[PDB]
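Visitor: Dumping the structure here so I can ask a few things about it.
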Amino acid sequence: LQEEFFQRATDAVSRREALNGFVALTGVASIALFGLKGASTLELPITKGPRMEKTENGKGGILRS
Amino acid sequence: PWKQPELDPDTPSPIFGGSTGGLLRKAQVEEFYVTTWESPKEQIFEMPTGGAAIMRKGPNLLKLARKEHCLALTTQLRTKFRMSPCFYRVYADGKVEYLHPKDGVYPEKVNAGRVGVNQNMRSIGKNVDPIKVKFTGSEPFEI
Amino acid sequence: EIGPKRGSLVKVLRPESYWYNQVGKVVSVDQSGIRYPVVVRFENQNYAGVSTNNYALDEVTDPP
Amino acid sequence: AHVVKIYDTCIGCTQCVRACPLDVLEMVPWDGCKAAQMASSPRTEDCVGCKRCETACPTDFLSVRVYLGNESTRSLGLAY
Amino acid sequence: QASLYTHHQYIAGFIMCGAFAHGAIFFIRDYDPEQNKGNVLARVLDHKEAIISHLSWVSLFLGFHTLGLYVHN
Amino acid sequence: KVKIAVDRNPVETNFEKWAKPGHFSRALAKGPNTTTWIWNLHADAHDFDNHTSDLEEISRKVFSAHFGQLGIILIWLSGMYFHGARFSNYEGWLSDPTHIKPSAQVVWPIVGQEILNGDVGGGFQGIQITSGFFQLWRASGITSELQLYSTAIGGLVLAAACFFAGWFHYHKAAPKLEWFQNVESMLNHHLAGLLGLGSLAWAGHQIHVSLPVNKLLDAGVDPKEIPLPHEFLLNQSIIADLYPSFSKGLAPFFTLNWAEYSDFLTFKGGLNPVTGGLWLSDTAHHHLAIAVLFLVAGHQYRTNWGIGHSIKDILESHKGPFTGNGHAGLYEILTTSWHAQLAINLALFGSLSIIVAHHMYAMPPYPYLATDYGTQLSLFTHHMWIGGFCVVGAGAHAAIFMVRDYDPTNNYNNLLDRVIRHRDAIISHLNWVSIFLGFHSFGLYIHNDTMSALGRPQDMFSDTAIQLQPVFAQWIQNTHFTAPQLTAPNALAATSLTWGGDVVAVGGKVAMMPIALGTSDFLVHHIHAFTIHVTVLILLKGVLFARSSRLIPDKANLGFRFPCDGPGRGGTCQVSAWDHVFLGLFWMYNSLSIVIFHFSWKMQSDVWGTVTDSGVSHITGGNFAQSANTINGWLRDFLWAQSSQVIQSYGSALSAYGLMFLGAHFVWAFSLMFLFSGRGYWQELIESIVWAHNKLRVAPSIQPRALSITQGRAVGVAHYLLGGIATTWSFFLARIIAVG
Amino acid sequence: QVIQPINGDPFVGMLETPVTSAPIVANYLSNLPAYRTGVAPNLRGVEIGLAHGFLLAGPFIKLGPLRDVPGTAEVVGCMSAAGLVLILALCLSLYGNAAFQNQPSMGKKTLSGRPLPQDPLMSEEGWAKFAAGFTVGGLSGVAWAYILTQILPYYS
Amino acid sequence: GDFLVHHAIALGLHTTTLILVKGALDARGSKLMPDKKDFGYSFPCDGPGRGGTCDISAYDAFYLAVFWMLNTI
Ligand code: CLA
Ligand code: CLA
Ligand code: CLA
Ligand code: CLA
Ligand code: CLA
Ligand code: CLA
Ligand SMILES: CC1=C(/C=C/C(C)=C/C=C/C(C)=C/C=C/C=C(C)/C=C/C=C(C)/C=C/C2=C(C)CCCC2(C)C)C(C)(C)CCC1
Ligand SMILES: CC1=C(\C=C/C(C)=C/C=C/C(C)=C/C=C/C=C(C)/C=C/C=C(C)/C=C/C2=C(C)CCCC2(C)C)C(C)(C)CCC1
Ligand SMILES: CC1=C(C/C=C(\C)CCC[C@H](C)CCC[C@H](C)CCCC(C)C)C(=O)c2ccccc2C1=O
Ligand code: SF4
Ligand code: SF4
């Protein structure tokens, strides 16, 4: 009884073609979700921005930007 | 030699403990080498891949992974106890090949029964330049 | 008989030899008709460490 | 495997076959040297290219030459 | 300007090293001495020891005295 | 059974073999046809195994070699004593050790070297020394330069005696092989006699000489009016006032009343607050206990009178089931192979030198040594490097024994044969643990570097962020701090101030203060464990695979030191055990360099410094806790925050340290020519130079040849080690003298 | 003599040790799913993937970049563990395509003879089924490790 | 100082030229190995015989010359 549930779990993905397609689909779906919707909901510190930081540069004068 | 000898599986083996240096998976999927020698008494010899073992009084059998191990053992036996051994090659399918004494008199002798192979009658350095054999598939030394 | 005198200095013109354009002393010349019957001895060793080598009749000349 | 070639400069000192721990070289009768011997390499495919025969060669230049290339499971000295 | 100069100088050095390497490849692979006998190429190959020795002399002299004056100062 | 077997006059004393430089080897006895003959002459000079196959001649040769080395060491020690007697400010340093820098080398005013004679104080100019000889000459009671002169003359006399002893014991009366094979007599005489008698003699010298001089020295008494040690030795009245136990006069010793000697044979923990070193009474009782413990240990083995222990019986008696035969043939191995004994002795000597470095940075045994940061750092680093070199040499000579002196007939199922049998398992497990240690010791550093560079210090492996607290080391520190309370109730204080709670300070500078261990200390200690595990992996793989291997089964017939077996099997370069040791030198260099960098940074950031009324300020403001978690932090705050005095040493007394620094950079960089390159290119370049010298007939009779592949590797590793050692030496000494 | 090679032959490498000759170790290794020859590759793959995907969720939740964020550390750790499980499943499928494009010619030759004809694990479609079981076990174990942080009497 | 570092630059150029030129001219033949042209441009060595033939090919000459080029630039 226990083996049957997992046998039917595997039977749809038993072929290496099927499992390669499944892992490819899940990988591209998860990567596309990340950044587009994966970021800015976890408050990832790449999609937030500065407050008022680091406009000037050059400690030896000239004061670019 | 006079007649090519076939190895016997009934010959005993020298007394030896478990050594991590020895046969590997290559002995199964690919060929492996078997060395055979006849001893007059029980002596102590060093294995080319392990420690020290005591050979038996009479025929002996050693299985080694490479032909270099077999010839190192052969040279050690000939230098130490003038054993004059011989080694075979057993393939994965069971084919047994005779390697070391093809003429039975060792490569040091000639026996006047073997032909010349890969011999150039020209001098070394008289080979043509690679430009002369370019796009031909043959090296200057292969001519 | 067919080569240089034994003990006479000869010059080796073999290009691939270590002693090209060098002077060696003849120690023996074979009379059995072999490929390189002239045997010479050099005072300076090669990289292999030997001091004697064999050359043909056309590879040895009298040095000036 | 590798290519092992013996030239006519060999004089049959039969020590190149002793220095080779793979039984690649063999001594055949000849007539171009005083010793009436010549090195031959029937089991060339068993060679690894260790150049011990070239070390043992007394002729200048070397009578036996070993050329590397086209490595195999026996030319690479692999026990696995 | 510093990055541009450093980039193009390292590129030039690597390219000159490749030039000499491929010239060596020409000399070993597809050089036919009987095709051009006695020309500038065969004559340069004839006294190659002189060229190499003089390059070694000028390099050794430059390095000896440059390091000597640098260590002295 | 044990007797003195000596052969008289085996070798004539003449200069016949001095005329011909190549005489020990039959290969070098012909002549120098090639230029590699000279390198083979200077390389096979002391290799006595291939000179002759007789063990007796080898034993005599190494006996007189040890005699010559002893004479050389005595000459050097006498020279140091002479330098302290003549060109030194030792008399000035005795009256003011906390303000006058030690100096024992005086340079000549010939060319610009007058700037090297720095103002070390006391009206004296010279090189500020770093060997700590002034501290040693203050520990042993030495007041005037006359006593140093006498010590130098006695050392020269003993050096001449040792050289004459070597000449006699080789050329005149050479011992036989059975004389050297008396292992039990050698062990008894070097346990009870050498070590025990020296410990007793030094204990007596400390009790009768060093204790009163040091008791008067730290009491403010000037050394001019301090009585000479012979007055203490002869007169019991003068020694009685300083130590009242001397009034009894050896009565408590024979009556077992040793508790009466608790004034000059004390058991005290910590350091003397006046000087900063260990108490001399503690050292006296220490060396007395060591003398007793070695005198009882030197009567263990059986030599001639029935009683005692047989080493062969002891070895053959210890046999446990998972080891087959246990220690069955080791007695025959160590009584017939000089190289196995050399390996064991070199390994233990190197390890004990490491112990010496650790236990004298921890507990300074000399007065005014802890405050002298330069002497302590130099001693720690020097004995660090000597121990590492001795351990690498132990691996080398073990591999040499494995190649040459090993015989498989004597040992079949002993420990050594089973070690060769499962060598692949040992090497594989050592490789696994090496890679695991490398990852979880260096990837932590790289990760901390990244999160610092990613602006995320809260993700660090640091104390402020999530941490790896060394709980075991801190628990051992707490146990040793509380050890005098319960487990050693007769100790006055803790055995060292590494784990203590008090900050001793002499002259306003911290002698020794408690050391706090944090995440960075954990990281560096595990890096040390990784580096030592990799180095021992390399050395043990070289030792184990010296005889044979799955690649080259006939590696034993190729000798110990051979360059390669050719480009076969993909290329068997550096396959010999010698090249394994050649890589081991570099790996020990890396290990000990990181170790001494850790030592210098940890001392300068958490121990060494100047004490103030408001707290204690270190040399560097505690940067090890917050900067040793990253490689960039290590770089910027140790190799760049320091070394600013080496570059700015020009025009000052330490300019020679900057010169040594840049010359060491040169020698370290010059080594990589011999390391990356091969021999064929250099041989062809030499051929071109030979053509050039042939053109105008200046060809040398000896043919110029390139250095051998093993010779080239040896030159490369030697120049690399020399450059790195001198680089660290110059940087460390200039930093610790210009600041500390 | 406790130390000896297996089956009394010394020419082999691996030798019989009390680490391996202990009955507890032998029965633990024989009863592991990877060495259960009589079971289908997908079932042992399911068990192996369940165990490995359950253990892989731990370090990602505990030491993740958002470990200080309450309520989102477990989600991020579990989805990163599931992504790692998918990466290992891709590795398993690639290894099955690689190492089993040919056909084995010999059995395993177990102790005292009695060898099975062919291990179904060592085939191409057998290893594909093993990888399928591995990834099914991996996501199911990851999902179980997530909800074990959802109901909790202690810590997570 | 400009003139001294210019001489250092000339030293680097001269040494790189020396090694590259020597590798190019000895690519096909040498006194240590006359038959270098038969072994290809990029081969490891000829073995431990004849004293030792490590880095004997012109490829290794280029490989050692890249270090000198990097130092010069
Ligand atoms: C910074 C380190 C360094 C230094 C100083 C050198 C120096 C040298 N190499 Mg180079 N080399 C190096 C690194 C270095 N190499 C590295 C890393 C590689 C890559 C493997 C190479 C690869 C290489 C090749 C391939 C070649 C050189 C060559 C040379 C020479 C060039 C000639 C010259 O400039 O005049 C001499 C330069 C000097 C710096 C002189 C150094 C000697 C001084 C005067 C001290 C002499 C001893 C002194 C008096 C003290 C005596 C006691 C002491 C010996 C104990 C010179 C000896 C060429 C050569 O030798 O042919 C001519 C050559 O073909 N090298
Ligand atoms: C090896 C180390 C050493 C040495 C050399 C000494 C030496 C000395 N100690 Mg010390 N001592 C030591 C260790 C040592 N001690 C240790 C470890 C302790 C334990 C803490 C002590 C504790 C101690 C105390 C408490 C006292 C001494 C005292 C003495 C002196 C008296 C000698 C004595 O009692 O025996 C000498 C007795 C002998 C039988 C020795 C015989 C030796 C003679 C010289 C033989 C000569 C024979 C010769 C061949 C014939 C004549 C030759 C002629 C031609 C010139 C002496 C200078 C006492 C002192 O200071 O008095 C002034 C004293 O009170 N010692
Ligand atoms: C446009 C100029 C040019 C051209 C047409 C060629 C063409 C050729 N050269 Mg030449 N060469 C050049 C420039 C050029 N090279 C330069 C600039 C150098 C100096 C660096 C060399 C040095 C050189 C040597 C020494 C040899 C050749 C060889 C060859 C042949 C094959 C090389 C090849 O593709 O292997 C493909 C090689 C690779 C795919 C390996 C790429 C690895 C690169 C080189 C290392 C880069 C470092 C690092 C990994 C980069 C990434 C950094 C990371 C942080 C991302 C071919 C005839 C070989 C030949 O003729 O065979 C006998 C040969 O022996 N050349
Ligand atoms: C108690 C007696 C005794 C003592 C003190 C020593 C002491 C020593 N022996 Mg040993 N040895 C002894 C008995 C003794 N031996 C016996 C009985 C044998 C034969 C079984 C040996 C066989 C032996 C060998 C084979 C070797 C030594 C060596 C050494 C030296 C080791 C180097 C060292 O640790 O630096 C300590 C250094 C010093 C303390 C410097 C001072 C050295 C003085 C001058 C030596 C005085 C001790 C001597 C025994 C006095 C009597 C000699 C007399 C004829 C004049 C050391 C001096 C090594 C060596 O050659 O060095 C000499 C060595 O290789 N020993
Ligand atoms: C207890 C000490 C000890 C003893 C008795 C021996 C004895 C021996 N060793 Mg061992 N060895 C030791 C320590 C020792 N070694 C240590 C510590 C190391 C690690 C570095 C080694 C590494 C080692 C190797 C790798 C080899 C030996 C070999 C040998 C043998 C001959 C050595 C020889 O002729 O050198 C000749 C002497 C020299 C070349 C002089 C040394 C000069 C060095 C290279 C440079 C020193 C520079 C100096 C530090 C600073 C000067 C700067 C400069 C500007 C002036 C002999 C059996 C060799 C052998 O064949 O064994 C049988 C061998 O291959 N040993
Ligand atoms: C600092 C320079 C350096 C470094 C880093 C290495 C690194 C290595 N050497 Mg080497 N070594 C060097 C110089 C160096 N070598 C030199 C100059 C010599 C000549 C004497 C040797 C001689 C030598 C010997 C003789 C031996 C080694 C061994 C090793 C290995 C040790 C494995 C380990 O524990 O470290 C852990 C691994 C590292 C430190 C590598 C960097 C890993 C960082 C932390 C990144 C982590 C992985 C990263 C996240 C993945 C990125 C993925 C990306 C591609 C997308 C490793 C491959 C030994 C070996 O084979 O293994 C024990 C060995 O036996 N080396
Ligand atoms: C107008 C003018 C002028 C002039 C100038 C001139 C005249 C210049 C020149 C320049 C030059 C004159 C340059 C040159 C350069 C060169 C080089 C850079 C080279 C290179 C080479 C190589 C790389 C090679 C290669 C090879 C080999 C190795 C072999 C064979 C092949 C080949 C050829 C490919 C003056 C100053 C008066 C003033 C101002 C203006
Ligand atoms: C540093 C030095 C020096 C100096 C000084 C000295 C070293 C001196 C001397 C010293 C000495 C001189 C020592 C020793 C002493 C003595 C002793 C150590 C003793 C002992 C004893 C014992 C052990 C025992 C005894 C006994 C008893 C108890 C009882 C009765 C019996 C008897 C007798 C047995 C010199 C210059 C030389 C050299 C260089 C270095
Ligand atoms: C440079 C180099 C050489 C060439 C080096 C040689 C031949 C040794 C040269 C030693 C010299 C001759 C010692 C003396 C140096 C000076 C002449 C001393 C000057 C002293 C002043 C007082 C004048 C090799 O032979 C070699 C071999 C294998 C691997 C790498 C290399 C390698 O890198
Ligand atoms: S390279 Fe080695 S294996 Fe090959 S023929 Fe020569 S000596 Fe024999
Ligand atoms: S490069 Fe040198 S060390 Fe390596 S196999 Fe060739 S000759 Fe030997």
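By order of appearance in the structure tokens: chains A, B, ..., then residues from 1 within every chain, and ligands from 1 in the order shown.
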Using only C-alpha atoms and all ligand atoms, what are the residues with an atom within 8 Å of ligand 1, set out as a PyMOL selection string?

Guide: (chain E and resi 55-57+59-65+67-68) or (chain F and resi 666-677+681-682+685) or (chain H and resi 11-12+15+18-19+61+64-65+67-68)

Visitor: Quick one: which chain D residues come within 12 Å of chain H, and what is the nearest atom pair for each with the distance in Å to one decimal, counting only C-alpha atoms, rows ordered by chain and ascending number, as a tab-separated table?

Guide:
residue	atom	partner	partner_atom	distance
D:2	CA	H:39	CA	11.7
D:3	CA	H:39	CA	11.0
D:49	CA	H:47	CA	8.8
D:50	CA	H:47	CA	7.0
D:51	CA	H:47	CA	5.6
D:52	CA	H:49	CA	7.6
D:53	CA	H:49	CA	9.1
D:54	CA	H:49	CA	6.5
D:55	CA	H:49	CA	4.3
D:56	CA	H:49	CA	7.9
D:57	CA	H:49	CA	9.0
D:58	CA	H:50	CA	10.1
D:59	CA	H:50	CA	11.3
D:60	CA	H:50	CA	10.1
D:61	CA	H:34	CA	8.3
D:62	CA	H:33	CA	9.8
D:65	CA	H:46	CA	9.6
D:66	CA	H:46	CA	8.5
D:67	CA	H:39	CA	6.6
D:68	CA	H:39	CA	7.7
D:69	CA	H:43	CA	8.9

Visitor: Could you list, as a PyMOL selection string, every residue within 10 Å of residue 32 (chain E), counting only C-alpha atoms and ignoring same-chain residues fewer than 3 positions away?

Guide: (chain B and resi 128-132) or (chain E and resi 26-29+35-37+42)

Visitor: The selected residues should be written to file as a compact mmCIF listing (two decimals), in the first residue's frame (atoms: N, CA and C atoms).

Guide:
# COMPACT_ATOMS: atom_id res chain seq x y z
N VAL B 128 63.10 13.19 -42.34
CA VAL B 128 62.66 14.38 -43.06
C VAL B 128 62.02 15.37 -42.09
N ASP B 129 61.93 16.62 -42.54
CA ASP B 129 61.31 17.66 -41.74
C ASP B 129 59.79 17.47 -41.71
N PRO B 130 59.11 18.01 -40.70
CA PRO B 130 57.64 17.91 -40.66
C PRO B 130 56.93 18.60 -41.81
N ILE B 131 57.58 19.55 -42.48
CA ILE B 131 56.98 20.19 -43.65
C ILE B 131 56.83 19.18 -44.79
N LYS B 132 57.80 18.27 -44.92
CA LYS B 132 57.75 17.27 -45.99
C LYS B 132 56.65 16.24 -45.79
N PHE E 26 56.45 28.21 -36.50
CA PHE E 26 56.84 28.20 -37.91
C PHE E 26 58.17 27.48 -38.10
N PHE E 27 59.14 27.78 -37.24
CA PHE E 27 60.47 27.18 -37.39
C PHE E 27 60.44 25.67 -37.22
N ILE E 28 59.60 25.15 -36.33
CA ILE E 28 59.63 23.70 -36.13
C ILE E 28 58.68 22.98 -37.09
N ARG E 29 57.52 23.57 -37.39
CA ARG E 29 56.47 22.86 -38.11
C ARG E 29 56.67 22.88 -39.62
N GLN E 35 64.19 24.50 -49.35
CA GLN E 35 63.41 25.45 -50.15
C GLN E 35 64.13 26.79 -50.24
N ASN E 36 64.64 27.29 -49.13
CA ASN E 36 65.39 28.54 -49.08
C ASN E 36 66.77 28.25 -48.52
N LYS E 37 67.70 27.88 -49.40
CA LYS E 37 69.07 27.56 -49.01
C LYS E 37 69.95 28.78 -49.20
N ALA E 42 68.03 30.93 -43.53
CA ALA E 42 68.99 29.86 -43.29
C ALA E 42 70.29 30.39 -42.70

Visitor: Show me a table, sorted first by chain and then by increasing residue number, of the residues of chain F having an atom at most 7 Å from ligand 5, each with its shortest atom pair and the distance in Å to one decimal, counting only C-alpha atoms and all ligand atoms and written as CSV.

Guide:
residue,atom,partner,partner_atom_place_in_ligand_line,distance
F:42,CA,ligand 5,36 (C),5.8
F:43,CA,ligand 5,36 (C),4.5
F:44,CA,ligand 5,34 (O),4.9
F:45,CA,ligand 5,34 (O),4.6
F:46,CA,ligand 5,34 (O),3.6
F:47,CA,ligand 5,31 (C),4.0
F:48,CA,ligand 5,57 (C),6.6
F:49,CA,ligand 5,62 (C),6.8
F:339,CA,ligand 5,57 (C),6.9
F:342,CA,ligand 5,1 (C),6.3
F:346,CA,ligand 5,1 (C),5.8
F:389,CA,ligand 5,17 (C),4.9
F:390,CA,ligand 5,17 (C),4.1
F:391,CA,ligand 5,17 (C),7.0
F:392,CA,ligand 5,19 (C),5.2
F:393,CA,ligand 5,18 (C),3.4
F:394,CA,ligand 5,16 (C),6.8
F:396,CA,ligand 5,23 (C),5.5
F:397,CA,ligand 5,10 (Mg),6.1
F:400,CA,ligand 5,62 (C),5.9
F:561,CA,ligand 5,64 (O),5.8
F:578,CA,ligand 5,25 (C),5.8
F:581,CA,ligand 5,25 (C),6.3
F:582,CA,ligand 5,25 (C),6.9
F:718,CA,ligand 5,44 (C),6.2

Visitor: Ligand 4: which residues are within 9 Å, counting only C-alpha atoms and all ligand atoms, as a PyMOL selection string?

Guide: chain F and resi 2-4+59-60+62-71+73-74+158-159+161-162+165-166+179-195+197-198

Visitor: Taking the backbone alone, and naming residues the way the document does, which bits of chain E are alpha helix (DSSP H) by DSSP, as a PDB file with C-alpha atoms, in the first residue's frame?

Guide:
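Output below, filename result.pdb:
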ATOM      1  CA  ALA E   2      45.971  54.808 -16.379  1.00  0.00           C
ATOM      2  CA  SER E   3      43.652  51.859 -17.032  1.00  0.00           C
ATOM      3  CA  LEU E   4      43.817  52.399 -20.807  1.00  0.00           C
ATOM      4  CA  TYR E   5      47.625  52.543 -20.836  1.00  0.00           C
ATOM      5  CA  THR E   6      47.990  49.492 -18.588  1.00  0.00           C
ATOM      6  CA  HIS E   7      45.434  47.499 -20.602  1.00  0.00           C
ATOM      7  CA  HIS E   8      46.949  48.193 -24.005  1.00  0.00           C
ATOM      8  CA  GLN E   9      50.513  47.675 -22.732  1.00  0.00           C
ATOM      9  CA  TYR E  10      49.699  44.255 -21.256  1.00  0.00           C
ATOM     10  CA  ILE E  11      47.794  43.392 -24.445  1.00  0.00           C
ATOM     11  CA  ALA E  12      50.838  44.408 -26.506  1.00  0.00           C
ATOM     12  CA  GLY E  13      53.167  42.313 -24.353  1.00  0.00           C
ATOM     13  CA  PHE E  14      50.981  39.211 -24.602  1.00  0.00           C
ATOM     14  CA  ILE E  15      50.626  39.723 -28.359  1.00  0.00           C
ATOM     15  CA  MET E  16      54.410  40.013 -28.830  1.00  0.00           C
ATOM     16  CA  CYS E  17      54.885  36.838 -26.777  1.00  0.00           C
ATOM     17  CA  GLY E  18      52.391  35.124 -29.074  1.00  0.00           C
ATOM     18  CA  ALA E  19      54.240  36.500 -32.102  1.00  0.00           C
ATOM     19  CA  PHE E  20      57.511  34.938 -30.989  1.00  0.00           C
ATOM     20  CA  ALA E  21      55.774  31.688 -30.004  1.00  0.00           C
ATOM     21  CA  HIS E  22      54.120  31.363 -33.416  1.00  0.00           C
ATOM     22  CA  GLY E  23      57.435  32.186 -35.088  1.00  0.00           C
ATOM     23  CA  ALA E  24      58.916  29.268 -33.156  1.00  0.00           C
ATOM     24  CA  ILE E  25      55.964  27.161 -34.349  1.00  0.00           C
ATOM     25  CA  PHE E  26      56.839  28.198 -37.912  1.00  0.00           C
ATOM     26  CA  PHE E  27      60.468  27.179 -37.391  1.00  0.00           C
ATOM     27  CA  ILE E  28      59.630  23.704 -36.128  1.00  0.00           C
ATOM     28  CA  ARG E  29      56.470  22.856 -38.108  1.00  0.00           C
ATOM     29  CA  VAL E  40      68.536  35.314 -44.813  1.00  0.00           C
ATOM     30  CA  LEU E  41      66.510  32.721 -42.878  1.00  0.00           C
ATOM     31  CA  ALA E  42      68.991  29.858 -43.287  1.00  0.00           C
ATOM     32  CA  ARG E  43      71.925  32.173 -42.547  1.00  0.00           C
ATOM     33  CA  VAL E  44      70.206  33.457 -39.391  1.00  0.00           C
ATOM     34  CA  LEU E  45      69.623  29.840 -38.351  1.00  0.00           C
ATOM     35  CA  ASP E  46      73.288  29.097 -39.137  1.00  0.00           C
ATOM     36  CA  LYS E  48      71.845  31.286 -34.112  1.00  0.00           C
ATOM     37  CA  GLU E  49      74.347  30.640 -31.307  1.00  0.00           C
ATOM     38  CA  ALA E  50      75.958  34.046 -31.902  1.00  0.00           C
ATOM     39  CA  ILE E  51      72.592  35.844 -31.744  1.00  0.00           C
ATOM     40  CA  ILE E  52      71.521  33.985 -28.593  1.00  0.00           C
ATOM     41  CA  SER E  53      74.903  34.558 -26.931  1.00  0.00           C
ATOM     42  CA  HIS E  54      74.918  38.280 -27.725  1.00  0.00           C
ATOM     43  CA  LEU E  55      71.350  38.649 -26.441  1.00  0.00           C
ATOM     44  CA  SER E  56      72.449  36.830 -23.282  1.00  0.00           C
ATOM     45  CA  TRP E  57      75.445  39.166 -22.981  1.00  0.00           C
ATOM     46  CA  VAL E  58      73.428  42.370 -23.316  1.00  0.00           C
ATOM     47  CA  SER E  59      70.724  41.078 -20.950  1.00  0.00           C
ATOM     48  CA  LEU E  60      73.313  39.994 -18.370  1.00  0.00           C
ATOM     49  CA  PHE E  61      75.201  43.292 -18.634  1.00  0.00           C
ATOM     50  CA  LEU E  62      72.024  45.382 -18.336  1.00  0.00           C
ATOM     51  CA  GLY E  63      70.752  43.378 -15.369  1.00  0.00           C
ATOM     52  CA  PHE E  64      74.134  43.306 -13.613  1.00  0.00           C
ATOM     53  CA  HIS E  65      74.735  47.032 -13.786  1.00  0.00           C
ATOM     54  CA  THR E  66      71.090  48.087 -13.297  1.00  0.00           C
ATOM     55  CA  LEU E  67      70.758  45.978 -10.147  1.00  0.00           C
ATOM     56  CA  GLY E  68      74.216  47.121  -9.059  1.00  0.00           C
ATOM     57  CA  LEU E  69      73.347  50.805  -9.297  1.00  0.00           C
ATOM     58  CA  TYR E  70      69.900  50.265  -7.750  1.00  0.00           C
ATOM     59  CA  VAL E  71      71.358  48.369  -4.776  1.00  0.00           C
ATOM     60  CA  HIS E  72      74.187  50.922  -4.541  1.00  0.00           C
TER      61      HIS E  72
END

Visitor: Could you please determine the separation between CA of residue 249 (chain F) and CA of residue 142 (chain F) in Å, to one decimal place?

Guide: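 Distance between the two atoms: 24.9 Å.
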